[PDB]
Amino acid sequence: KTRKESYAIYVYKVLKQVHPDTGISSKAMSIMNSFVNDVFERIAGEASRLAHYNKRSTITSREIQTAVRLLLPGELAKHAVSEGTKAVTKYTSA
Amino acid sequence: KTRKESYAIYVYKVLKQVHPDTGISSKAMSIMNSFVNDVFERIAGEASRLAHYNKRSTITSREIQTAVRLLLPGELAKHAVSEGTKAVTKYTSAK
Amino acid sequence: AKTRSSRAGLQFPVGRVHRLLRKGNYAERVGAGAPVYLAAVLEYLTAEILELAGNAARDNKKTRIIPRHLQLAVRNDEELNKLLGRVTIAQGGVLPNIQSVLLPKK
Amino acid sequence: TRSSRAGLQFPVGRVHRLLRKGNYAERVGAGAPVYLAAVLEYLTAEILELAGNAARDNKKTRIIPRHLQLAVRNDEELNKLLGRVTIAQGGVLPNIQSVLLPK
Amino acid sequence: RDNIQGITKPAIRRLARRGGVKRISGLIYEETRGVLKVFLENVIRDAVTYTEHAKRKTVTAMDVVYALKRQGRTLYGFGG
Amino acid sequence: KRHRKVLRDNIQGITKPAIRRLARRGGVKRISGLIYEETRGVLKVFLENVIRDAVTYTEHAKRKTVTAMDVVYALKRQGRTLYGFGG
Amino acid sequence: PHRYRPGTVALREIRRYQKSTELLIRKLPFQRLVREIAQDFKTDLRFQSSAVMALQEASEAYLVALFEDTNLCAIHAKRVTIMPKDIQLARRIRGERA
Amino acid sequence: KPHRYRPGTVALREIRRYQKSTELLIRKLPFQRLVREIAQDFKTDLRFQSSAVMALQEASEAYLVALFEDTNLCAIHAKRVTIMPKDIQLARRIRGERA
DNA sequence: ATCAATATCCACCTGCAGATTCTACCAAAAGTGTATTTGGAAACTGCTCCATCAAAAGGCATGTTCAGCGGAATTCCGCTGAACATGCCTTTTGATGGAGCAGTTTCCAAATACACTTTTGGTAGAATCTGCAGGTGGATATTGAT
DNA sequence: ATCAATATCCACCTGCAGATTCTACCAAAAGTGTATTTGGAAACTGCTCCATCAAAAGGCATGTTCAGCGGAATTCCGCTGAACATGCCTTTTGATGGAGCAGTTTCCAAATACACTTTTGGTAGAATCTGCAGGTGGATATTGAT
């Protein structure tokens, strides 16, 4: 009963793109799940403060972007931003 | 022009209660206002997560109490809890 | 009409605190007792720091509490020091303290 | 699905739901979950990429916690990002202060 | 025999080794035990506080995870 | 349009005497001659990190002026909460 | 009548334990400690086994890292053997401060 | 032969003097230029509320004074009374500002 | 132990920047009084998984010997503190243009709100599969006594 | 500069704990189509306060001399920890009732939503207030030479 959601399957898909012939133990998958949850919370948290500071009721991709710039190290942020911008674009183009 | 609020008048009422003849500079008052907001945020934040962890959509005096216990050191937590409980109990005894 | 603060026997604003809790996006709902309890804790902590700050002020023969008195009260109190362990009080300076080995002589 | 529209493996729909149920803001725009899902996917690819190499560099095809630790701590930025994180069963990087070596 | 003494010299020595320590003073073992006790008291105090808030008689892994996180000791591998 | 400044080498404005005074408040009795430059480097890194975040908040708000609150928020992000400036 | 010189086996252990990831404190002894300390905050408590493990992973990772800082302090003082004052200095600078 | 305090005496006097006061120890204008220079390298055409500059100086000095305390403990640990670059580096390393 | 050059303490005195104290408009606040919704405490319960326990497994407590590290003692080069002369540049008091933060109103692109159709990720007992931990053999490097 | 004792490596083997695979079930999601609501961008502009030019002057930075004493290098031995063979007791492993962690249904005390009425904290600003910064002079140390 009461299903527990996790990013296990989506993490598995990404693994196959990067290393088609590589597996991952259960304990390793659990760590990855913690990682995605942790980062989601840190980014959402910063974005939350950003909207509040600027008296905005909405968290848009703009807040997510600034949050990423605040949270991630130099290069990692650069690519995360480009990946994010790319996904929003591909998305707006139906 | 957009009214900016602060806990100033309240900090001042409590100051007169503990030290009737002592004043406070504007800079010290500014620090006190930062203190109150800071602790407000920390307590509210602990209460927020606490509610989410327990799949509750309501922050009641109970999450506030647990947050105070998680946040304040030993003796400060004991007294904050009594005052909090005392205030809720009295507030409740009224209509 | 009696304010929720007087109904609680508090100096701190219960209505204001309730409002701040709602617009801070902490939870979908905020109970009635929540802001009462929080306002009380806030009042209790400011009373605690002002009691000690006012004492530091009189110790220094001053009638007006300034930032340095706030810092002296906080850093000389174990628990307040711990609660404000990562906080910087502007214009508070530091506590007088010289390491033993630095003192002159034998 | 929204993820397919964005060209992502990570669940946009779910991310959206999580943002909303997390009380981060009164409202959440449509683009926020897309951008966020993509960032989460990229960071995931990055660690798996380096962790996989660690498994290979160790003659193993299955990624274990050990491999995640090696990949994170040997990478300046990931190490920084996870500077206050403890990866269970990760161990530490082999490192001996020179002054402690024989001779 | 006290439980804290259950944390043996060889165990503390192995920990120091992983930490890259070559030689240890005899006074380290008691020092380490005391340090570990304070660490556990702080983390467990908070974990138990989460347990009681949830009205459980059992300390869950999540209680510990939440405790470690608020202590700035985020742990990956046991949920959240 | 109008003027010419170009700011350069301002780290040298953090003088030896200023650094000595800070060390004294910190309880230091004797100072190696190499400390001054080492301190300038440390201060520079500290300021770059806080200003980087503060300016990031400024831009996000579409402003051209860095506010005390931008700095206050930046300091809190880095765990250096500051009281006294609206924070 | 073979015998390795002082430090040779120590150095061997460093290499051996920095290679592996298993817990170094014995399970049962750690569990008793956890339970004892918890009995002080709330009586009659139960522990999910995964709760005790998370506690041991966190505790060990904490001590191992503290031992690294302690070693740097010993070396700062031109020694190669860690002493309590080294641990004390490390914790004081960490904010676990005294 | 003219009065002269012994080495260390004035230093101890200065420690007592500054631990008793709270005024900023770095010259105001020079600190402000440094802030402007660093910020400018990050983003051109910025303006600063004067209180933003003062907030930066209060935080910067509190950070440095506390770093010098830790540094002092590191020097004393090595049987010295003179702080050196390595004491600062050890302190920052244990602080996790480097590790 | 007496001295003299100096810094520290300090209660008094005062001109004033900064604080306590109105009189007044007041709009965002907070309290009052029904109406409609609903979160989650409470009682009952199936079923994981936790505590207890007995038997198989192997790490640790204990004493001896001495290698080599820590700490004391001694020495001295030259770093770094104290004092001093000189004069720069920060500080201070002000006026002023105007950049740009910020208040106010018009208004539409976008988000909330159901309502309902589609499909998906998680749960679960079943059966099949497989990376690699661990054990074995033998070659080879490392360490340490001649 | 020999070999003698051990630890370390590499190649190969294989039993199995944990990973992988096909399947039927389905409540919870997620996608979609529709009528309604609204946050916040845009355009205009009041008005705060940031940048800056100017001038006067003393607090404080700079640069130098001189030598006190601190850091660093060296010698060294007493003694504390490292290494190790030896006897075995605490931990570990796998088995079994049962305590609670959860899944589910009931239902009401309490939290929205909302149209008013009213008490109030903020504030722009003329004003008399007042704690104490800061200069002054004189009494108790605090230092350091002798």
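Going by the header, the method for this PDB entry is X-ray crystallography, and the resolution given is 2.2 Å.

Under the PDB entry, chain H has the name Histone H3-like and belongs to Xenopus laevis. Regarding chain H, the relevant UniProt record gives this comment under Sequence similarities: "Belongs to the histone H3 family."

For chain G, the name recorded in the PDB entry is Histone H3-like, with Xenopus laevis as its organism. Taken directly from UniProt, the Sequence similarities text for chain G runs: "Belongs to the histone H3 family."

S.K.: Could you give an account of the overall build of chain G, naming the residues involved and the relevant values?
M.R.: Summing up its helical and strand segments, chain G has four helices and two strands in all. Starting at the N terminus and walking to the C terminus, you meet the elements of chain G as α-α-β-α-β-α. Relative to the 2.2 N^0.38 estimate, which gives 13 Å for 98 residues, the radius of gyration of chain G is 17 Å and therefore markedly larger than a compact globule would have. In terms of overall dimensions, chain G has a C-alpha envelope of 50 × 40 × 20 Å along the principal axes. Here chain G holds 98 residues, and the buried ones make up 53% of them. Partitioning the contacts of chain G with sequence separation of at least 6, the portion at a separation of at least 24 is 41%. About 5,000 Å² of surface is accessible on chain G, with carbon and sulfur atoms providing 50% of the total. Within chain G, one finds 19 positive and 11 negative side-chain charges whose respective centroids are separated by 7 Å.

S.K.: Now, about the side chain of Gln18(G): what can you tell me, with residues and values included?
M.R.: Here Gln18(G) lies in helix α1 (residues 8-19). At 2.8 Å, the side chain of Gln18(G) and the backbone nitrogen of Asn95(D) are in polar contact.

S.K.: Could you give an account of the interface of chain B and chain C, naming the residues involved and the relevant values?
M.R.: Facing 57 residues of chain B, the contacting portion of chain C comprises 53 residues. Between chain B and chain C, a total of about 5,000 Å² is buried, with carbon and sulfur atoms accounting for 73% of that surface. On the chain B side of the contact with chain C, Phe40(B), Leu76(B) and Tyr91(B) bury the most area, a combined 14% of that side's loss. Taken together, chain B and chain C are joined by two salt bridges. A salt bridge links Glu5(B) to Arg16(C); the nearest nitrogen and oxygen atoms lie 3.6 Å apart.

S.K.: I'd love a proper account of the environment of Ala47(A), names of residues and values included.
M.R.: Residue and element names in this part refer to chain A. Positionally, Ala47 belongs in helix α2 (residues 26-53). Overall, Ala47 belongs to the buried group, its relative accessible area being 0%. Here the alpha-carbon distance between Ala47 and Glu63, two residues 16 residues apart in the chain, equals 5.0 Å. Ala47 has contacts with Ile59, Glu63, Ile64 and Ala67, leaving out every residue within four places of it along the chain.

S.K.: Any details on the state of the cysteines? Residues and values, ideally.
M.R.: Applying the stated criterion to the full structure yields zero disulfides over all chains. The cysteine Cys73(G) is free of any disulfide, with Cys74(H) supplying the nearest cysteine sulfur at 6.3 Å. Accessibility expressed as a relative area gives 0% for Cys74(H), which makes it buried.

S.K.: How would you explain a positive patch on the surface if you had to name every residue and give the values?
M.R.: Taken together, the side chains of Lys55(A), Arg56(A), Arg62(A) and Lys62(F) define a basic patch exposed on the protein surface. Residue position: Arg56(A) is located in the loop between α2 and β2 (58-59). Overall, the relative accessible area of 53% leaves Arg56(A) in the exposed class.

S.K.: Break down the protein's contact with DNA strand I for me, with residues and values.
M.R.: In the vicinity of DNA strand I, 82 residues are found, and the nearest of them are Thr2(B), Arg20(D), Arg5(G), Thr8(G) and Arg33(H). Counting only the atoms of DNA strand I that lie within 4 Å of the protein, the sugar and phosphate share comes to 99%. Separating a phosphate oxygen of DNA strand I from a backbone N or O atom of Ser57(B) is a distance of 3.1 Å. The backbone of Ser49(G) places a nitrogen or oxygen atom 3.0 Å from a phosphate oxygen of DNA strand I. Looking at the surface near DNA strand I residue by residue, the class counts come to 20 nonpolar, 22 polar and 40 charged.

S.K.: Could you give an account of the protein's contact with DNA strand J, with specific residues and numbers?
M.R.: Looking at DNA strand J, there are 81 residues lining it, with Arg16(C), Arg13(E), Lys57(E), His3(F) and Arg3(G) nearest. Among all atoms of DNA strand J positioned within 4 Å of the protein, those belonging to sugar or phosphate total 97%. Here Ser26(A) contributes a backbone N or O atom positioned 2.7 Å from a phosphate oxygen of DNA strand J. Residues of the surface near DNA strand J, tallied by class, amount to 18 nonpolar, 22 polar and 41 charged.

S.K.: How would you explain unusual backbone geometry if you had to name every residue and give the values?
M.R.: Phi is positive for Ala94(A), close to 55°, though the residue is something other than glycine. With respect to the helices and strands, the residue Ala94(A) is situated in the segment after α4 (74-92). Backbone geometry places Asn23(D), a non-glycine residue, at a positive phi of 55°. Structurally, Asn23(D) can be placed in the loop between α2 (12-21) and β1 (27-28). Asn23(D) sits in the buried class, given a relative accessible area of 17%.

S.K.: Please provide a residue-by-residue account of the interface of chain B and chain E, values included.
M.R.: Taken together, the contact pairs nine residues of chain B with nine residues of chain E. In this assembly, chain B and chain E are joined by one salt bridge. One salt bridge in this structure joins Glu46(B) and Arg70(E), with 2.9 Å as the shortest N-O distance. At the surface where chain B touches chain E, the tally comes to six residue pairs in polar contact. Where the side of chain B that touches chain E is concerned, the elements lending two or more residues are α2 (26-53) and α3 (61-71) of chain B. The dominant element in the side of chain B that touches chain E, judged by the number of residues it contributes, is α3(B), at five residues.

The rules behind the values
- Residues numbered from 1 in each chain as written, not as in the entry; some residues may be left out.
- Chains lettered and ligands numbered in written order.
- Heavy atoms only, no water.
- Residues with missing side-chain atoms left out of burial classes, pairs and counts.
- UniProt positions renumbered as here; feature names shortened; annotations may be inferred.
- Helix = DSSP H or I, 4+ residues; strand = E, 2+ residues; numbered from the N terminus.
- Rg over C-alpha atoms; globule rule 2.2 N^0.38 Å.
- Buried < 20%, exposed > 50% of the residue type's maximum accessible area, 1.4 Å probe, protein only.
- Contact = heavy atoms within 4.5 Å.
- Areas by Shrake-Rupley, 256 points an atom, 1.4 Å probe, with all protein chains shown as cover.
- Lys, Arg positive; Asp, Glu negative; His and termini not counted.
- Charge placed at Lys NZ, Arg CZ, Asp CG, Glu CD.
- Polar contact = N/O pair within 3.5 Å; in protein donor to acceptor, adjacent residues only side chain to side chain.
- Buried area = accessible area lost by both parts, 1.4 Å probe.
- Salt bridge = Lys/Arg side-chain N within 4 Å of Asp/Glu carboxyl O.
- Disulfide = S-S within 2.5 Å.
- Patch = residues over 30% accessible without salt bridge, like charges linked within 9 Å, V, L, I, M, F, W, Y side chains within 5 Å.
- Near = heavy atom within 4 Å.
- Nonpolar A, V, L, I, M, F, W, Y, C, P; charged D, E, K, R; others polar.

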